[PDB]
Amino acid sequence: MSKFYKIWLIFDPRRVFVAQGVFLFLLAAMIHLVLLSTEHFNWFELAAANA
Amino acid sequence: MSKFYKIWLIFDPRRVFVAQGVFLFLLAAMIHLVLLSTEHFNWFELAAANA
Amino acid sequence: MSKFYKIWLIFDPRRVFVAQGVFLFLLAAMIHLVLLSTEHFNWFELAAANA
Amino acid sequence: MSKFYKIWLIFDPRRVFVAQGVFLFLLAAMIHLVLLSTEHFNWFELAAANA
Amino acid sequence: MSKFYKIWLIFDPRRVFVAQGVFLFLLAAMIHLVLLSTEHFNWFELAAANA
Amino acid sequence: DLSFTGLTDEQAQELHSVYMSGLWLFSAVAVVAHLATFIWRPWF
Amino acid sequence: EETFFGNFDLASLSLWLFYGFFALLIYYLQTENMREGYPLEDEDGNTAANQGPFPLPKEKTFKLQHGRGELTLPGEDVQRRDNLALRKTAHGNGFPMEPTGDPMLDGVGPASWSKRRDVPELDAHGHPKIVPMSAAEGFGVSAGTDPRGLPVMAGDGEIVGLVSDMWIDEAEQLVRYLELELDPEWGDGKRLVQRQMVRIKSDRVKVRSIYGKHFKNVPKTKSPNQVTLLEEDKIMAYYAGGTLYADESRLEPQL
Amino acid sequence: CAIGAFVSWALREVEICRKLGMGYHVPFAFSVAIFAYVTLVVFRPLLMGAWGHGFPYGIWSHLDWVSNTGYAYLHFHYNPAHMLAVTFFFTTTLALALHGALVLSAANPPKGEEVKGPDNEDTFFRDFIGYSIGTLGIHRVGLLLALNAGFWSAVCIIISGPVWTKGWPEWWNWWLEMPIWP
Amino acid sequence: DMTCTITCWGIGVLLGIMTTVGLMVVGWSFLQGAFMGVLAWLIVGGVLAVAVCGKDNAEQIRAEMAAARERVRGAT
Amino acid sequence: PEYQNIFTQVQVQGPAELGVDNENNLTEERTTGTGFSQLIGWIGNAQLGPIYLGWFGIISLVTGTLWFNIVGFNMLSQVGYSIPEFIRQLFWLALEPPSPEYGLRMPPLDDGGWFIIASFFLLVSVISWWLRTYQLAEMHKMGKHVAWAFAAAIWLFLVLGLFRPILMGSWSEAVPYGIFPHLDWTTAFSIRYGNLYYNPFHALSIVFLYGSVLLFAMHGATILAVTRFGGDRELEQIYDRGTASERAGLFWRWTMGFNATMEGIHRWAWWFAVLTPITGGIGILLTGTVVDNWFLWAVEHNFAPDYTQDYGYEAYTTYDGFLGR
Amino acid sequence: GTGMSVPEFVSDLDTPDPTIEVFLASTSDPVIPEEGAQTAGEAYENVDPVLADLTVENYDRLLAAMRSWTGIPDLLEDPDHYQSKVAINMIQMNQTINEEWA
Amino acid sequence: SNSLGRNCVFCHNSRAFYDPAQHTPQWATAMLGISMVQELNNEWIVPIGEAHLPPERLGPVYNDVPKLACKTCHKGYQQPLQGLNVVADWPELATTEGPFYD
Ligand code: BCL
Ligand SMILES: CC[C@H]1c2cc3[nH]c4c(c3C)C(=O)[C@H](C(=O)OC)c4c3nc(cc4[nH]c(cc(n2)[C@@H]1C)c(C(C)=O)c4C)[C@@H](C)[C@@H]3CCC(=O)OC/C=C(/C)CCC[C@H](C)CCC[C@H](C)CCCC(C)C
Ligand SMILES: CC[C@H]1c2cc3[nH]c4c(c3C)C(=O)[C@H](C(=O)OC)c4c3nc(cc4[nH]c(cc(n2)[C@@H]1C)c(C(C)=O)c4C)[C@@H](C)[C@@H]3CCC(=O)OC/C=C(\C)CCC[C@H](C)CCC[C@H](C)CCCC(C)C
Ligand SMILES: CC[C@H]1c2cc3[nH]c4c(c3C)C(=O)[C@H](C(=O)OC)c4c3nc(cc4[nH]c(cc(n2)[C@@H]1C)c(C(C)=O)c4C)[C@@H](C)[C@@H]3CCC(=O)OC/C=C(\C)CCC[C@H](C)CCC[C@H](C)CCCC(C)C
Ligand SMILES: COC1=C(OC)C(=O)C(C/C=C(\C)CC/C=C(\C)CC/C=C(\C)CC/C=C(\C)CC/C=C(\C)CC/C=C(\C)CC/C=C(/C)CC/C=C(\C)CC/C=C(\C)CCC=C(C)C)=C(C)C1=O
Ligand SMILES: CCCCCCCC/C=C\CCCCCCCC(=O)O[C@H](COC(=O)CCCCCCCCCCCCCCCCC)COP(=O)(O)OC[C@@H](O)CO
Ligand SMILES: CCCCCCCC/C=C\CCCCCCCC(=O)O[C@H](COC(=O)CCCCCCCCCCCCCCCCC)COP(=O)(O)OC[C@@H](O)CO
Ligand SMILES: CCCCCCCC/C=C\CCCCCCCC(=O)O[C@H](COC(=O)CCCCCCCCCCCCCCCCC)COP(=O)(O)OC[C@@H](O)CO
Ligand SMILES: CCCCCCCC/C=C\CCCCCCCC(=O)O[C@H](COC(=O)CCCCCCCCCCCCCCCCC)COP(=O)(O)OC[C@@H](O)CO
Ligand SMILES: COC(C)(C)C(=O)C/C=C(\C)CC/C=C(\C)CC/C=C(\C)CCCC/C(C)=C/CCC(C)CC/C=C(/C)CCC=C(C)C
Ligand SMILES: COC(C)(C)C(=O)C/C=C(\C)CC/C=C(\C)CC/C=C(\C)CCCC/C(C)=C\CCC(C)CC/C=C(\C)CCC=C(C)C
Ligand SMILES: [Fe+3]
């Protein structure tokens, strides 16, 4: 370590920054939708059932 | 945190402004429709069933 | 909040005005149609119901 | 509000007038047809049934 | 042989790293999904069963 | 695209060394994850 | 509806009439396509005994533009080559021929050119059709990557020079040729490459057909502002012949 | 034997192209027609589980096969990928007719007149319809249209058997019961 | 800048795939969700290739070009 | 690999072309104003416009828009002026031809009168577009090949809509104006008169359609392979033979034993394409008027196959065995 | 070579009609009449079509069957409800279907 | 076709829809079923319902009495209940005359 900063001498800051944002949002949306497709982890149905 | 202002030395403000506006509006519309697709959080049916 | 006037140092006013003019009417039409697809807030059917 | 005349320093009068005419006629035709599509406000059918 | 650094002179780091990253992510996601396809190791169904 | 047109000798030793530093870090993390998973739900 | 005789009715009559018409049409179509390359010859240049089942068509005349004259076909072959450095590999007919010297320099095989007119092609106003971009009023690169200033790499991996200009067809608004200035080590002067034989990338321009050592023998235009049809044919055929003659492994079976 | 003959024909065309120093577009185009035939006698039959699903070798008996195979899905005109394929076929024929007519009319003027050039051809078509593809674009477009016609034909047949079992009109139900409709 | 256009079309393809899976979780069938996914792709990806890729880079160059268009008019 | 010439590498743009002229003064009726599209320019030309406006084109446009609006407004009124239902059932609606009981007389507007008024406006529109195609060649001093090729398709158009109904004695024989309804007409027409496969002119039309598509694959591919020798400049190759024409001819000569010329291949293409609607119209004109059952005609003329095996699923399997029970 | 065949998915061929099992859970074997058995008309006041039936056959036909096959729990209890009047005709129609349309 | 879950080449050879020599044996039983349906609608189903059925069973337009067709009994299957023997246990619904318990 202490030499990971040299990653920016090979990869372009602008290409890495757009790709990472797209990947991060897509992964977050996918995980939230996977949770929404279950029974034990769907909070919208949990709210209705509780009350 | 005190040096995040340099993000505008890599990203063109016009492009990010347009993309952020589109992204924010689409996210708001999707969330509102997801709320409309349920039973406990549909405010158009609650008004019908509370009058 | 007193420096928002600089938005026109970045955006072309003509493009922004055209886009906003399209967007506002499209959104208003969408909401006016969403109201008509329900039972409680459809003013065309309500008038016949109370006649 | 006393300075709304400055819109003409942004948009060419010729184009805006043509679009306004087309938009107004299409909107009026759509509204008249929407009224014709109902039972309560169809004045031809009302005249037929009132005699 | 004692130092295998002599393998990057016949390669270009850029594409090697890109392919590595894609391969790693795809293999991890496929293992996670394969585990999710199994009765005994599906941790989302286990929470519903331990309820 | 090749503008580097070949690496040198001393521009590769440092690379190997940094690459090896990440590979060992990723593997230590994976080993701990696998150990915890085996403690939770064994498969052997 | 009734029949004329037996089972013959109106549909049968129509079908047989179409049969006859189609036979005549096939004859006309095959005869119309024999205005070039006939009569047939053998492998020694003499007229062949067999000439086929269809006779030759009568003559048509074309009135050309810009005072170029008239063209009557079928007629004599005016695009014929005179002294070809070729050798028979057999005593009869049906076997290939062998080049006597350098196939690429002698214009034989896939490097063959046809003896076209020694004048440039004209547009509607009577002006040369293909013009270098440095003399074309109003033209600019509107899309894609501009190749001017990039180095050129040959098929064996050698840099031979730089792109200096582009030659465009103004009537159709299309790039036709790229102009290359050679380094002193690989020759002297300027050469042309047709657009269909290059791949333009971000840092280079690739020509795979020929190698570096072949770049000095590309035919050269007489005037720096216009190119005739004969020169066009000789330049394009030279690059086309390299796909087979650049390396000895390109000519042998690939297996 | 037919598969072997077709593949050998394509590989012979490849060698002729190599000897003449030309591009390899013609064998690539012929490969599409080979793919539509191998789908009809090898791919659909293997997927469906029996060689008896292929069409017979007869001038008037291979039309009976076509007729019976289409009525086995009730109304074949309603197959979505068959509609795309028919459109491609008709468009290729309209474009071939236009191209041949334009070239012949440029090369054969009225008696006593001079011949015409590409400028005249570009002008006639912008006057007629307001656009001209050009002398190079028309060949690209014709090739692309023909290859798209053969690819979509292969798709229309391979979904009719192994992917869909009911009538093709019923497939449109997804549009008729979309939740947006009142 | 044909490379920004292709990127923008790919973000549209990705939004379309996400629209299909989202409508299916809410109760729609595949083909119903995929028609809506195709329109999200074509409308949004097209809109972003005009707007984002049309905010081309130029900085004082943008300024002068615009201040000179504002001189064409005035005498037009 | 080598460049293949399907997409242009770099585009160049200059002043817009306004067109050639002669003593006929075509400039007076041409619109001013052009555009450029870089998306299209990857494949072909990028310039858009201008267009010529004569009287034939204006009349054709006006009368064709009238036909479209009579059909569209009839379709809209059939549904109760409900726009969302109008959109839902767009592919299913149509403007229906008259009932068979009325013969060739004028039917009630509710039962085919609007269909006849709209058919008269479409007729006028189509014949006007053809007079424009003839006039422009005459004005451009070119041959009339385009007009003849268009009249070839107009022949089948008129046979389907005008000639056959008159010879049969009913306006009810015409085709409805709809997407699905017109495809139902095709299937019902084939069923009503036996099997249309056994109509010989239908087979000839299929032969020529298949041949026309095989020829654009061959001609397009051949021209794209000789573009490295200037082969897309066809007219100058006709006026002065070059090596591109020689190589293109020799490829097919060595492949299948005969070849064409640069000028003569376009005659082949023109004839195969033109022959499809001519044979199709001759085949359609003979149905009902002469032959009423094409399969019985084939049996009479001895080209109908015969089968030896039996009919029925229980001649080959069992209902329980097909279910796995 | 004809193209005459009918296609089906094998997951669909292995799924039986789901009402076959409902039937088998509502059916019973007939009871053979004995010597001089007492009929339904000598035990209640019924209708002619169902009167010369025995008591046990009356029991299985009426309740165990007709009231479960048509989900009408009180069928044929009030002789004046319209459902009884239509069921009496349906019995004869069901008999004629089996007898004359074999 | 949609009522039996089959297609056109079931009962037909599509090159000649008219020819009796190219039909399958199922065509004849379908022809019998046409007449059976026509008789059941006109003689049994319509007459009762015009005399007893309540106003809420009379359909949108014309105040029609509901009718039956081929799918009322097959339900998208080749045979009703895929061929279950449902008449062996109920001899009382098998004949118009006295129930034969032999
Ligand atoms: C159940 C279906 C029947 C069947 C029933 C029919 C019927 C019925 C017909 C065809 C016809 C044809 N059939 Mg068939 N056909 C069947 C099976 C097949 C099969 C197959 C199984 O593979 C094939 C390949 C074909 C193919 C063909 C074509 C060869 C032929 C159409 C010729 C033509 O020029 O079309 C191209 C179409 C035209 C030229 C139409 C003319 C268009 C006009 C000129 C348009 C004017 C402009 C317009 C109004 C303006 C629009 C707006 C603009 C944007 C401004 N059939 C089966 C047996 N077939 C036709 C024929 O000729 O029969 C012999 C015909 O009528
Ligand atoms: C079978 C071939 C079909 C055809 C094709 C066709 N016509 C065309 C085009 C094409 C491909 C055009 O691109 C061009 C056009 O610009 O259409 C909007 C056009 C055209 N065909 C027309 C007429 C026409 N075509 C007809 C027929 C047909 N043309 C067939 C349907 C007919 C009839 C009834 O037979 C008519 C009357 C006009 C609608 C139009 C004439 C072009 C014109 O007047 O251009 C003026 C120039 C402009 C400034 C307008 C361009 C729009 C933009 C503001 C320019 C910037 C370009 C932008 C980047 C992209 C947008 C362009 C898109 C088309 C991609
Ligand atoms: C976009 C795809 C289109 C296409 C493309 C295409 N086909 C091509 C080419 C191209 C580009 C050629 O270059 C090549 C050629 O050389 O053309 C002259 C060819 C060709 N496509 C041909 C025909 C053809 N193409 C057709 C269609 C199409 N081909 C499409 C429309 C059709 C039909 C049915 O529509 C036919 C009939 C050939 C004329 C030709 C070259 C094929 C050839 O000669 O193959 C060598 C084989 C023999 C000489 C004989 C083989 C004998 C067999 C062993 C026995 C016969 C068995 C057979 C299956 C019986 C069928 C009976 C029928 C009655 C059903
Ligand atoms: C040889 C037979 C083949 C053939 C050839 C052929 N077709 C031809 C020609 C030729 C040689 C022409 O010259 C002519 C032409 O103009 O071609 C560009 C044409 C033509 N063939 C056409 C259609 C056509 N041809 C077909 C078939 C075929 N034509 C065969 C494959 C088919 C079918 C069913 O397969 C169709 C659908 C037209 C594009 C054109 C005839 C133009 C014509 O007569 O137009 C009348 C115009 C109106 C209806 C008035 C306009 C009203 C419109 C409803 C709206 C406004 C116009 C607008 C431009 C369209 C909408 C777009 C919007 C975005 C604005
Ligand atoms: C602008 O550009 C262009 C051109 O140009 C300028 C062109 O032109 C064309 C071409 C287009 C046309 C000319 C238009 C017309 C074309 C069509 C309509 C296409 C349709 C074509 C046909 C219907 C006919 C095609 C014929 C075919 C496919 C079969 C022909 C093949 C044979 C007869 C046999 C092949 C021979 C082989 C393989 C070699 C022999 C094999 C051996 C082992 C040799 C050993 C010797 C023997 C066995 C004994 C003798 C053998 C003999 C005599 C051979 C014959 C065989 C027999 C069995 C007798 C295009 C598109 C073009 O865009
Ligand atoms: C310069 C060179 C010229 C070359 C060009 C010549 C082309 C045309 C020339 C001649 C064709 C003559 C062939 C005629 C043979 C059949 C006879 C016939 O047409 O018979 C019909 C029966 O209809 C059919 O059998 C349907 C025909 C389908 C259409 C074409 C099929 C090609 C499909 C596929 C191609 C495969 C084989 C191809 C082979 C080419 C075959 C034409 C009725 O009989 P009739 O005589 O009308 O009845 C009255 C009588 O009974 C009185 O009593
Ligand atoms: C009955 C006989 C054929 C055997 C039966 C089975 C195959 C049937 C299918 C197709 C036949 C195509 C056979 C073509 C083979 C040609 C071989 C060849 O190469 O023959 C040349 C002579 O040929 C030619 O010059 C071209 C002939 C026309 C090509 C076929 C046209 C297909 C048109 C339309 C489609 C056809 C469908 C029918 C529409 C029915 C319509 C009622 C010798 O050399 P040449 O140097 O060119 O001599 C000439 C000159 O130069 C003198 O000097
Ligand atoms: C290898 C295995 C073969 C595969 C086995 C499969 C069987 C079927 C395949 C192919 C059959 C075609 C065979 C014929 C090819 C002959 C070879 C050839 O052509 O050999 C030439 C010799 O010429 C000839 O032998 C002339 C052939 C005449 C063609 C007839 C024309 C119309 C014909 C058709 C019209 C169609 C209309 C409708 C039709 C119905 C109506 C016909 C050498 O030429 P050359 O020495 O250069 O010069 C001389 C030159 O000019 C002319 O003499
Ligand atoms: C209904 C369709 C029937 C089937 C298709 C055949 C008919 C279609 C038309 C033509 C076919 C090709 C035949 C003609 C061309 C052959 C080449 C030829 O004539 O070669 C000559 C030698 O021949 C002759 O001297 C003529 C004698 C021909 C006799 C054979 C007849 C074949 C008859 C039939 C085929 C095989 C039968 C054997 C099997 C049984 C059936 C299964 C060499 O001299 P040359 O150098 O060419 O002369 C120079 C000249 O050209 C100057 O201009
Ligand atoms: C059960 O069946 C299925 C199919 C499901 C399976 O599961 C099958 C599974 C297998 C067959 C699995 C096989 C798995 C492997 C072979 C895995 C191999 C994995 C690797 C080799 C991974 C390598 C990862 C590399 C990483 C993370 C590198 C990191 C490097 C760095 C952070 C350093 C680089 C950065 C810098 C600064 C370089 C310095 C730069 C300079 C300029 C000096
Ligand atoms: C309401 O919304 C608006 C305003 C936007 C609209 O206008 C909407 C419009 C639509 C949605 C329109 C939709 C239109 C269609 C789907 C049209 C489809 C049309 C066809 C498929 C037409 C086929 C026509 C013809 C055919 C197949 C063959 C032959 C026809 C003819 C030769 C017709 C010519 C008729 C003659 C010569 C008879 C005239 C009678 C005399 C007495 C002279
Ligand atoms: Fe061409």
# chains A, B, ... in the order shown; residues from 1 in each chain; ligands from 1

$ residues_near_ligand --ligand "ligand 9" --cutoff "10 Å" --atoms "only C-alpha atoms and all ligand atoms" --output "list in words"
residues 48, 49, 50, 51, 52, 53, 54 and 55 of chain G

$ write_last_selection --atoms "N, CA and C atoms" --output "JSON list (two decimals), in the first residue's frame"
[["chain", "number", "residue", "atom", "x", "y", "z"],
["G", 48, "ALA", "N", -11.22, -18.04, -80.56],
["G", 48, "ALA", "CA", -11.57, -19.41, -80.20],
["G", 48, "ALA", "C", -12.56, -20.00, -81.19],
["G", 49, "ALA", "N", -12.51, -21.33, -81.33],
["G", 49, "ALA", "CA", -13.42, -22.02, -82.23],
["G", 49, "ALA", "C", -14.87, -21.90, -81.76],
["G", 50, "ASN", "N", -15.08, -22.04, -80.46],
["G", 50, "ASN", "CA", -16.42, -21.90, -79.88],
["G", 50, "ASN", "C", -16.77, -20.48, -79.46],
["G", 51, "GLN", "N", -17.94, -20.03, -79.86],
["G", 51, "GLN", "CA", -18.37, -18.70, -79.52],
["G", 51, "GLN", "C", -19.69, -18.70, -78.76],
["G", 52, "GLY", "N", -20.15, -19.87, -78.36],
["G", 52, "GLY", "CA", -21.43, -19.96, -77.69],
["G", 52, "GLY", "C", -22.70, -20.01, -78.49],
["G", 53, "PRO", "N", -23.83, -20.25, -77.82],
["G", 53, "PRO", "CA", -25.14, -20.35, -78.48],
["G", 53, "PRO", "C", -25.87, -19.07, -78.90],
["G", 54, "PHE", "N", -25.50, -17.92, -78.37],
["G", 54, "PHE", "CA", -26.18, -16.68, -78.67],
["G", 54, "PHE", "C", -25.37, -15.84, -79.62],
["G", 55, "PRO", "N", -26.03, -15.28, -80.69],
["G", 55, "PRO", "CA", -25.24, -14.36, -81.50],
["G", 55, "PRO", "C", -25.00, -12.98, -80.85]]

$ interface_residues --of "chain H" --to "chain L" --cutoff "12 Å" --atoms "only C-alpha atoms" --output "ChimeraX atom specification"
/H:60-76,165-170

$ write_last_selection --atoms "C-alpha atoms" --output "mmCIF file, in the first residue's frame"
data_model
loop_
_atom_site.group_PDB
_atom_site.id
_atom_site.type_symbol
_atom_site.label_atom_id
_atom_site.label_comp_id
_atom_site.auth_asym_id
_atom_site.auth_seq_id
_atom_site.Cartn_x
_atom_site.Cartn_y
_atom_site.Cartn_z
ATOM 1 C CA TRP H 60 -45.554 -29.112 -54.992
ATOM 2 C CA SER H 61 -45.356 -31.057 -51.714
ATOM 3 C CA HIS H 62 -43.166 -28.517 -49.901
ATOM 4 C CA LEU H 63 -46.044 -26.025 -50.193
ATOM 5 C CA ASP H 64 -48.410 -28.365 -48.335
ATOM 6 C CA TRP H 65 -45.898 -28.365 -45.477
ATOM 7 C CA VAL H 66 -45.900 -24.552 -45.413
ATOM 8 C CA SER H 67 -49.707 -24.391 -45.423
ATOM 9 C CA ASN H 68 -50.171 -26.952 -42.589
ATOM 10 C CA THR H 69 -47.397 -25.425 -40.436
ATOM 11 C CA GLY H 70 -49.016 -21.987 -40.509
ATOM 12 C CA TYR H 71 -52.561 -23.139 -39.620
ATOM 13 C CA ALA H 72 -51.102 -25.040 -36.744
ATOM 14 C CA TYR H 73 -50.886 -21.621 -35.059
ATOM 15 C CA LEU H 74 -54.341 -20.592 -36.381
ATOM 16 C CA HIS H 75 -53.660 -17.205 -38.015
ATOM 17 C CA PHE H 76 -49.908 -16.879 -38.940
ATOM 18 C CA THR H 165 -47.736 -23.185 -28.582
ATOM 19 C CA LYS H 166 -51.019 -21.260 -28.830
ATOM 20 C CA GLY H 167 -52.473 -19.187 -31.628
ATOM 21 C CA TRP H 168 -50.567 -16.082 -32.627
ATOM 22 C CA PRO H 169 -53.499 -13.651 -32.116
ATOM 23 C CA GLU H 170 -53.594 -14.608 -28.419
#

$ residues_near_ligand --ligand "ligand 11" --cutoff "6 Å" --atoms "only C-alpha atoms and all ligand atoms" --output "PDB file with N, CA and C atoms, in the first residue's frame"
ATOM      1  N   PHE J  68     -57.169   9.887 -45.972  1.00  0.00           N
ATOM      2  CA  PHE J  68     -56.688   9.529 -44.638  1.00  0.00           C
ATOM      3  C   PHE J  68     -57.582  10.023 -43.521  1.00  0.00           C
ATOM      4  N   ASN J  69     -58.129  11.208 -43.662  1.00  0.00           N
ATOM      5  CA  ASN J  69     -58.985  11.800 -42.658  1.00  0.00           C
ATOM      6  C   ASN J  69     -60.401  11.290 -42.691  1.00  0.00           C
ATOM      7  N   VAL J  71     -61.093   8.124 -43.481  1.00  0.00           N
ATOM      8  CA  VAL J  71     -60.895   6.877 -42.790  1.00  0.00           C
ATOM      9  C   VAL J  71     -60.655   7.162 -41.319  1.00  0.00           C
ATOM     10  N   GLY J  72     -59.728   8.051 -40.961  1.00  0.00           N
ATOM     11  CA  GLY J  72     -59.445   8.223 -39.548  1.00  0.00           C
ATOM     12  C   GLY J  72     -60.638   8.713 -38.753  1.00  0.00           C
ATOM     13  N   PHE J  73     -61.401   9.654 -39.312  1.00  0.00           N
ATOM     14  CA  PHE J  73     -62.556  10.167 -38.589  1.00  0.00           C
ATOM     15  C   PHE J  73     -63.671   9.139 -38.503  1.00  0.00           C
ATOM     16  N   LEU J  76     -62.586   6.923 -35.691  1.00  0.00           N
ATOM     17  CA  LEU J  76     -62.780   7.583 -34.402  1.00  0.00           C
ATOM     18  C   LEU J  76     -64.250   7.613 -34.000  1.00  0.00           C
ATOM     19  N   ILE J 116     -66.616   4.391 -50.722  1.00  0.00           N
ATOM     20  CA  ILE J 116     -66.521   4.762 -52.127  1.00  0.00           C
ATOM     21  C   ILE J 116     -66.038   6.188 -52.373  1.00  0.00           C
ATOM     22  N   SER J 119     -62.316   6.081 -51.655  1.00  0.00           N
ATOM     23  CA  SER J 119     -61.626   5.346 -52.694  1.00  0.00           C
ATOM     24  C   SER J 119     -61.411   6.196 -53.930  1.00  0.00           C
ATOM     25  N   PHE J 120     -62.357   7.057 -54.274  1.00  0.00           N
ATOM     26  CA  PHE J 120     -62.201   8.002 -55.369  1.00  0.00           C
ATOM     27  C   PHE J 120     -61.118   9.062 -55.099  1.00  0.00           C
ATOM     28  N   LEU J 122     -58.367   8.482 -53.167  1.00  0.00           N
ATOM     29  CA  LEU J 122     -57.099   7.753 -53.219  1.00  0.00           C
ATOM     30  C   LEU J 122     -56.709   7.428 -54.627  1.00  0.00           C
ATOM     31  N   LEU J 123     -57.669   7.157 -55.479  1.00  0.00           N
ATOM     32  CA  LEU J 123     -57.403   6.926 -56.859  1.00  0.00           C
ATOM     33  C   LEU J 123     -56.809   8.159 -57.474  1.00  0.00           C
ATOM     34  N   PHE J 157     -52.432  -2.646 -58.073  1.00  0.00           N
ATOM     35  CA  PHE J 157     -53.291  -1.807 -57.240  1.00  0.00           C
ATOM     36  C   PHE J 157     -54.692  -1.674 -57.843  1.00  0.00           C
ATOM     37  N   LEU J 158     -54.764  -1.315 -59.127  1.00  0.00           N
ATOM     38  CA  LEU J 158     -56.038  -1.145 -59.815  1.00  0.00           C
ATOM     39  C   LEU J 158     -56.782  -2.457 -60.002  1.00  0.00           C
ATOM     40  N   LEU J 160     -56.695  -5.026 -57.904  1.00  0.00           N
ATOM     41  CA  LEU J 160     -57.280  -5.347 -56.606  1.00  0.00           C
ATOM     42  C   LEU J 160     -58.485  -4.470 -56.301  1.00  0.00           C
ATOM     43  N   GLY J 161     -58.404  -3.176 -56.592  1.00  0.00           N
ATOM     44  CA  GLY J 161     -59.480  -2.305 -56.158  1.00  0.00           C
ATOM     45  C   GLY J 161     -60.551  -1.909 -57.156  1.00  0.00           C
ATOM     46  N   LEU J 162     -60.244  -1.910 -58.451  1.00  0.00           N
ATOM     47  CA  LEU J 162     -61.163  -1.371 -59.449  1.00  0.00           C
ATOM     48  C   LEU J 162     -61.646  -2.401 -60.456  1.00  0.00           C
ATOM     49  N   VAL J 175     -60.930  -4.384 -50.916  1.00  0.00           N
ATOM     50  CA  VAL J 175     -60.142  -4.603 -49.703  1.00  0.00           C
ATOM     51  C   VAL J 175     -60.473  -3.541 -48.659  1.00  0.00           C
ATOM     52  N   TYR J 177     -59.876  -0.988 -45.376  1.00  0.00           N
ATOM     53  CA  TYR J 177     -58.793  -0.091 -44.966  1.00  0.00           C
ATOM     54  C   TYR J 177     -58.494  -0.329 -43.487  1.00  0.00           C
ATOM     55  N   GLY J 178     -57.563  -1.234 -43.213  1.00  0.00           N
ATOM     56  CA  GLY J 178     -57.190  -1.547 -41.847  1.00  0.00           C
ATOM     57  C   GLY J 178     -55.908  -2.345 -41.819  1.00  0.00           C
ATOM     58  N   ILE J 179     -55.347  -2.477 -40.620  1.00  0.00           N
ATOM     59  CA  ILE J 179     -54.077  -3.179 -40.452  1.00  0.00           C
ATOM     60  C   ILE J 179     -54.310  -4.685 -40.387  1.00  0.00           C
ATOM     61  N   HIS J 182     -57.206  -6.015 -43.093  1.00  0.00           N
ATOM     62  CA  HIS J 182     -56.714  -6.322 -44.425  1.00  0.00           C
ATOM     63  C   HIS J 182     -55.932  -7.626 -44.536  1.00  0.00           C
TER      64      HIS J 182
END

$ closest_atom_pairs --of "chain G" --to "chain I" --cutoff "12 Å" --atoms "only C-alpha atoms" --output "JSON lines"
{"residue": "G:142", "atom": "CA", "partner": "I:1", "partner_atom": "CA", "distance": 11.1}
{"residue": "G:143", "atom": "CA", "partner": "I:2", "partner_atom": "CA", "distance": 8.1}
{"residue": "G:144", "atom": "CA", "partner": "I:2", "partner_atom": "CA", "distance": 7.4}
{"residue": "G:145", "atom": "CA", "partner": "I:1", "partner_atom": "CA", "distance": 9.3}
{"residue": "G:202", "atom": "CA", "partner": "I:3", "partner_atom": "CA", "distance": 11.9}
